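Our numbering puts the first residue of the sequence shown at 46, with every later residue one more than the last.
Where a beta carbon is used, it is the ideal one built from N, C-alpha and C, also for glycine.
Notes follow once the structure below has been shown.
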Amino acid sequence: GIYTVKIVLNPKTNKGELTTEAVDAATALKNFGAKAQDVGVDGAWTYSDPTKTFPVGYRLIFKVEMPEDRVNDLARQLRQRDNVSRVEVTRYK
């Protein structure tokens with residue numbers, strides 16, 4: 046299946062920190078067992094949110110293919126960080 050993770054970041058963050066904020070998901074995935082070596086299995090894709098509603102705020106969206114049970118924790122580890130406003134998961138496939 047395919048799951049999508051939508052990050053909402055504090056306005057105090059930077060576009061250069063989008064890689065230091067998502068790294069909690071990189072570590073979450075790393076802990077889940079998803080690596081670049083088997084990225085052919087886990088269809089990961091990271092991109093910024095073009096449809097933000099707060100110009101001053103930041104939003105970062107990326108897709109994975111992991112069990113929902115740990116995609117909720119994928120998001121949990123992200124939103125856990127104080128820099129992050131909130132992270133919500135939406136199932137795609």
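Bounding residues of the beta strand (DSSP E) (the contiguous stretch that carries residue i)
| i | result |
| --- | --- |
| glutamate 133 | 129-136 |
| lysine 51 | 48-54 |
| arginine 104 | 103-109 |
Within 9 Å, strictly: CB atoms of residue i and residue j
| i | j | result |
| --- | --- | --- |
| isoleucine 106 | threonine 49 | yes |
| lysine 108 | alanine 89 | yes |
| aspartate 114 | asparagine 55 | no |
| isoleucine 52 | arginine 136 | no |
Paired residues, beta bridge with residue i - DSSP
| i | result |
| --- | --- |
| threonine 91 | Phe107 |
Span of the alpha helix (DSSP H) around residue i
| i | result |
| --- | --- |
| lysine 80 | Neither: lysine 80 is in no alpha helix (DSSP H) and is coded neither H nor E. |
| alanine 120 | 113-125 |
| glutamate 66 | 63-66 |
Determine contact between the segment 114-131 and the segment 69-77, defined as no fewer than three beta-carbon pairs at a distance below 8 Å.
yes
If you pair each beta-carbon of the segment 124-133 with each one of the segment 76-83, do three or more pairs fall below 8 Å?
no
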